[PDB]
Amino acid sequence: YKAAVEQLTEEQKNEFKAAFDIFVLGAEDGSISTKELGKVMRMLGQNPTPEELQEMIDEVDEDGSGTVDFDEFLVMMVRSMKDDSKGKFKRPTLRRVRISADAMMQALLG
């Protein structure tokens, strides 16, 4: 979620900006496309196929611009952490309950 991608501290966001900056150092429009993704794969020792690059970008490209921006990159990291929340009960459940009472206070005070 874009809302939960804004529920990350500025220390955490800066650690995701410093990784994304290495991807878009060669980019023109400041967004990760198959050109930057491919050059990064080879730097990591991988040999990706054209299709492999096209599928990885389209999976995390939400706006359909053909590129992955910083807001879209943060959502990928949010999803990586959120999907790894099962099969667990206490930590996920406490986050959802705590968010529920937080929403109830915001409707009253807002």
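In this text, residue numbers run from 1 along the sequence as written.
Trainee: Output the stretch having the higher mean C-alpha B factor in the entry; the candidates are 11 to 19 and 82 to 90.
Mentor: Result: 82 to 90.
Trainee: Could you say whether, by C-alpha temperature factor, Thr49 belongs to the lowest, middle or highest third of its chain?
Mentor: For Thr49, whose C-alpha B-factor we compare with every modelled residue in the chain, the answer is the middle third.
Trainee: Taking the entry's C-alpha B-factors for this chain, is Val40 in the lowest, middle or highest third?
Mentor: Lowest third.
Trainee: According to the PDB entry, is the CA B factor of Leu74 in the bottom, middle or top third of its chain, that is, lowest, middle or highest?
Mentor: Middle third.
Trainee: Where does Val68 sit by CA temperature factor within its chain: lowest, middle or highest third?
Mentor: Ranked within chain, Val68 CA B lands in the middle tercile.
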